[PDB]
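Structural characterization, general
Here is how the chains run, residue by residue.
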Amino acid sequence: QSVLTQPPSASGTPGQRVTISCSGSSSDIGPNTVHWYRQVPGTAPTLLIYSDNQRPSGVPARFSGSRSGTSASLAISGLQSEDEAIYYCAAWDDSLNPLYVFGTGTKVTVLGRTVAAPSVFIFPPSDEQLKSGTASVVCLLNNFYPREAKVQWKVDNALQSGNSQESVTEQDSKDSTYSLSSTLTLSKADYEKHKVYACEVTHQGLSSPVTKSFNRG
Amino acid sequence: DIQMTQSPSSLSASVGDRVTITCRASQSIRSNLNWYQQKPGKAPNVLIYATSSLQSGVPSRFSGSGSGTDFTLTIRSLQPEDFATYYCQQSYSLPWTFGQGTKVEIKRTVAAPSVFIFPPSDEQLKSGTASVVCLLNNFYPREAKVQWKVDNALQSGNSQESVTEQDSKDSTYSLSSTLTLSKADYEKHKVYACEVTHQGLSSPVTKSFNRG
Amino acid sequence: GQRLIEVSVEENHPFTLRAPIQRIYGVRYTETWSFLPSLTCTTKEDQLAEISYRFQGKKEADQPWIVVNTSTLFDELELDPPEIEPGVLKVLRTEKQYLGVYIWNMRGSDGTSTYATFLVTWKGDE
Amino acid sequence: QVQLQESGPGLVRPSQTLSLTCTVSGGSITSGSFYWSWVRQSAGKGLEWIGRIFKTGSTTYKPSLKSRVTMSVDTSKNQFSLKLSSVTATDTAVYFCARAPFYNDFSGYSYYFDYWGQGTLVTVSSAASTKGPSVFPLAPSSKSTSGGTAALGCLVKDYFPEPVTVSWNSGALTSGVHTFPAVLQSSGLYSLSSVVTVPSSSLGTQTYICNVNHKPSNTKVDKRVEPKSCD
Amino acid sequence: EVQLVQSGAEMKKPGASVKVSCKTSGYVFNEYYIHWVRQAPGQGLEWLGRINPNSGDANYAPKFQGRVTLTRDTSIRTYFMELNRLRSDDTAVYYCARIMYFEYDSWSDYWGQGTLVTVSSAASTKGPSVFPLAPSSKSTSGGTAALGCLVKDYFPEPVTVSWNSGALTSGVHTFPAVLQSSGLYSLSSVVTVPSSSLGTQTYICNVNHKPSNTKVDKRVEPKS
């Protein structure tokens, strides 16, 4: 059981040269080679570099690798929106108990992209779920950047808390815009109290909070 | 080093004619001989490698043969574009040694020169020097005479001629004789003329102008 | 060929020796592998196989080559012969008879010669 | 052309045996210098290497797991297989099979994974039991009606274990399809939402269907989302 | 499209060192040798050396060993030649060329453009002086008409002359330079054009002298 130490996160604006490090011992990396992998969330990892510098076919030449002693490094020259992923390094430990040691993981975040404002949609409770005695109001933010936003469930101008859950998609492969879903599960007994429910979104691309409300209908 | 001898050093031949240049080596170079074509103002260009293999795009009239010490380059139907110097290079042992070169000049029907005369420019005349240029445009053979006459006085020691290389389409030459006079001397005389004699001219052609 | 390339192999585990180089387009290359079983001993070396090829350098089209020769050493011991490819030697089940010194030589039409020496041992048994 | 695929995901009760198998396509595992290997990734715990097997049967296991991990190969069916024993809840991870080249050069021992397979979420948990998911329609309305689009979706609410897949119109709809990550509810059951952005000129002129695949419970649910009665 | 582009022409004094560059494109840089050849003024070709892009290792001719150094920069795809202890015999056009191999056979498929190195004791590259050769045959230019540009005095060589920025390629005769008593060079570039286009089409000669970094454009028009 061993680990290759890696920076938790690297970053850069489009076009910069980003470096990720990989620190090891004299049983890994030291005597043996280093290999670099790329993982996009939701999909399996892909080989980026092998034999410390050698690039697989289909890996652009702007990706490079190097090794010196107990340490190794990866260079993403000309950083691009597609290069935003988690990067892992790995090497073989040929101790008397051999193993393939992986890295901790490094996440490259491409800064300086268009600040996209979210589109807010408030879906009222569904049929056959109300019949099941549970109401669910869904507030959807479909395309935005950065990931930071906040949704407040105002019910009859009274802020709710503790009864809502949130889920966020990772940056889309085509436009790298997050999507957020705030599901508020307030039971039927309280949902039937009124028909007035609103979600208020504050985001960096919004000059003022955007409120979407449902009443009557 | 392998001393490479090329023969002939210079050949004159006509269009539609078989021409054979030869390369000899001090030792046996096997098939490791290449043939190059240097055209004026340009880098050498390979025509044949491996003693017979023809290079991509190169015309099919070029053929190579030989083995060991003696090798030959053959052009079946000479064409005006083949005016160039031809070099042989050994690919056998390093240092790679080249031949001395063979210049192929294309014999052509006799063409008469078109003679033009250029008076000095006032821009140049404002610098104390006057250059008078006499131009023979497209002629063959190369041999031609340009006699300068300032006020019907035969000039010498003040002229300087320059001849172009054979055209790859007309197989013709051009000449530029420059009469360089001081501005004061130019402004002392009035009649300036260049007289041209050539194999294509039955009578000497004299172009002239008056100023100064 | 800087120095000995040491290879620690596990028992009955495959080992692949790799000699990496960038060849020149069109140059004809010849490689030979020689095995000295000095580790299990208890200019004459056993040429394992001699191969030759011409570099096409397309980087994808698998290069054909020629098996010039192959010794019968491993068959006299009723063991399988190594898999020899341009730049690599492969053994599927490492055993005592496969331990020792491997010498890789490459000679090219461009007047180039390169060497590489490997020493294949066992980890935990030396 | 080289493809690798594992056995399906599912629930494994703690302290019993996990078995997975990977099938290879585009060749045979009898080609040279290739280790067929298993690694795993538990969310938040990065990448961990489980072990490797060769065509001969020679294996190498991760030392922390050697007491409990066993690997086997079958050159007849191009299948390599993994068995993990005495499993705890911390063994819940996505288990990837992979092909690995290996060679020794002047740099050392090179051993990398070039052709991976997809993943399978094996959940080791005695906290719940397998359950078919309930799908509910997130119906559309006139949103962004000042010249914009609308959204509609399906709400998968009560399923265990993970994972589950949501398609739209049998894969015809891929633009705007944003299936959301699952969240664990206080019931001990997972829930998620899959939404899609559609032009407002397609609400009453187009049919929208979602397709839910929960392999652990052998369940598939198709639901037709349609606009609300007033809209 | 294999393209080799070399550095500009240079004048150096005896004892100096000249470094010529050669940037390559259109092929796998590390799969082909590059070698250097020299053509003296009025003479044939001579081999300097060859360099492997990968090993950075070179092979030199006996004459130039110790006086020539061949280097490479694989990142920028550029080869370098350096000649030390420069002498008057070293004045020549230096060429970089790619070597194609077939089995044991070698040849030079794609050549560079050439770099003229002039070893002179002069200390300043004197730029050219361009004067117009006006097309006025007494305002009766029957048939063809000749017009030109006289490059008066320049050092060192070469001078590249084009017409109409390169549009006029037919009938252009740029004569070889003539060394003058000044120690300076001189040339004239003429062209025969239709007389109908004399008053209708502009005629500009473009004269470039890299050694003095001087490029001059000049319009020639019939005198009036």
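Procedures and definitions
- Residues numbered from 1 in each chain as written, not as in the entry; some residues may be left out.
- Chains lettered and ligands numbered in written order.
- Heavy atoms only, no water.
- Helix = DSSP H or I, 4+ residues; strand = E, 2+ residues; numbered from the N terminus.
- Rg over C-alpha atoms; globule rule 2.2 N^0.38 Å.
- Buried < 20%, exposed > 50% of the residue type's maximum accessible area, 1.4 Å probe, protein only.
- Contact = heavy atoms within 4.5 Å.
- Areas by Shrake-Rupley, 256 points an atom, 1.4 Å probe, with all protein chains shown as cover.
- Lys, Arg positive; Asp, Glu negative; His and termini not counted.
- Charge placed at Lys NZ, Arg CZ, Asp CG, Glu CD.
- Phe/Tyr/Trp six-rings, centres within 6.5 Å; stacked < 30°, edge-to-face > 60°.
- Pairing = 2+ DSSP bridges.
- Axes fitted to C-alpha atoms, helices over the stretch in contact; angles between N-to-C directions.
- Buried area = accessible area lost by both parts, 1.4 Å probe.
- Salt bridge = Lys/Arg side-chain N within 4 Å of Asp/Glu carboxyl O.
- Polar contact = N/O pair within 3.5 Å; in protein donor to acceptor, adjacent residues only side chain to side chain.
- Nonpolar A, V, L, I, M, F, W, Y, C, P; charged D, E, K, R; others polar.
- Domains from an automatic or database assignment.
- Core = buried A, V, L, I, M, F, W, Y, C linked by side-chain atoms within 4.5 Å.

1. Overview of the overall build of chain D
Summing up its helical and strand segments, chain D has zero helices and 20 strands in all. For a compact globule of 231 residues, the expected C-alpha radius of gyration is about 17 Å, and chain D comes in at 22 Å, more than 25% above that figure. For chain D, the proportion of its 231 residues judged to be buried stands at 54%. Counting only contacts in chain D whose residues sit at least 6 apart along the sequence, the fraction spanning at least 24 positions is 60%. Only carbon and sulfur atoms are counted for the fraction: they give 47% of the accessible area of chain D, which is about 9,300 Å². Across chain D, the mean location of the 19 positive side-chain charges is 4 Å away from that of the 11 negative side-chain charges.

2. Things to note about the packing of aromatic side chains
Evaluated as defined, the whole model comprises 50 aromatic pairs over all chains. Arranged with centres 5.3 Å apart and planes meeting at 25°, the rings of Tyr25 of chain C and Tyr32 of chain E form a pair that is stacked. Here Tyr32 of chain E lies in the loop between β3 (18–25) and β4 (33–39) and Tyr25 of chain C lies in the loop between β2 (15–18) and β3 (28–36), a pairing that spans two chains. Its relative accessible area of 9% is what places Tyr32 of chain E among the buried residues.

3. Quick notes on unusual backbone geometry
With an omega of -10°, the peptide bond running from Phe155 of chain E to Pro156 of chain E counts as cis. With respect to the secondary-structure elements, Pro156 of chain E resides in the loop between β13 (144–154) and β14 (160–163). Between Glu157 of chain E and the following residue, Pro158 of chain E, the backbone shows a cis peptide bond with an omega angle of 5°. In this model, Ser171 of chain B sits at a positive phi of 55°, which is unusual for a non-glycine residue. You can see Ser171 of chain B is positioned in the loop between β15 (159–163) and β16 (173–182). On the basis of relative accessibility, which here comes to 3%, the residue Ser171 of chain B falls in the buried class. Positive phi values are uncommon outside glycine, yet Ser33 of chain D reaches one of about 55°.

4. Description of the sheet that holds strand β7 (residues 68–73) of chain E
Residue and element names in this part refer to chain E. Read from one edge of the open sheet, four strands run β1-β3-β8-β7, paired in antiparallel fashion. Looking at which strands have only one partner, the edges of the open sheet turn out to be β1 (3–6) and β7. Geometrically, the sheet is characterised by an average inter-axis angle of 20° between neighbouring strands, direction not taken into account. Taken together, the six bridges between β3 and strand β8 (residues 78–83) define a ladder with antiparallel strand orientation. Across the sheet, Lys23 pairs through a bridge with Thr78, a residue of β8.

5. Remarks on the interface of chain D and chain A
With 53 residues of chain D at the interface, the matching set in chain A holds 49 residues. Of the roughly 4,200 Å² buried where chain D meets chain A, counting both sides, 61% is carbon and sulfur surface. Among the residues of chain D in contact with chain A, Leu47, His178 and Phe180 of chain D are the three that bury the most area, contributing 15% of the side total. Viewed at the interface, chain A and chain D are joined by one salt bridge. Across the pair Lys223 of chain D and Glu128 of chain A runs a salt bridge, and its minimum N-O distance is 3.1 Å. The interface formed by chain D and chain A holds 15 residue pairs in polar contact in total. Of the residues in the side of chain D that touches chain A, the class split is 27 nonpolar, 16 polar and ten charged.

6. Brief notes about the domain arrangement of chain D
All names here are of chain D. Split into domains, chain D comes out as domain 1 (3–124) and domain 2 (135–225). Its C-alpha centre places domain 1 at a distance of 33 Å from the equivalent point of domain 2. Facing five residues of domain 1, the contacting portion of domain 2 comprises six residues. Summed over the shared surface of domain 1 and domain 2, the result is zero salt bridges. Seen at the junction of domain 1 and domain 2, the total is zero residue pairs in polar contact.

7. Notes on the pairing of strand β4 (residues 46–49) of chain A
All names here are of chain A. Here strand β3 (residues 34–39) pairs with β4 via three bridges, running antiparallel. The residue of β4 that forms the bridge with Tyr37 is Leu47. Linkage of β3 to β4, two consecutive antiparallel strands, is achieved through a turn of six residues, within which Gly42 is found at a positive phi near 95°.

8. Regarding the nonpolar core
Formed by 74 residues in total, the largest nonpolar core has its most connected members in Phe15, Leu17, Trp33, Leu89 and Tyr102 of chain C together with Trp36 and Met81 of chain E. Considering each element in turn, this core owes the most residues, eight residues, to strand β9 (residues 92–102) of chain E. Residues contacting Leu17 of chain C, with those up to four places away along its chain left out, are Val7, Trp33, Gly87, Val88, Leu89, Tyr102, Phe118 and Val120 of chain C together with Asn104 of chain D. Residues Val18 and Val110 of chain A together with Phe113 and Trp116 of chain D belong to the second largest nonpolar core, which totals 48 residues.

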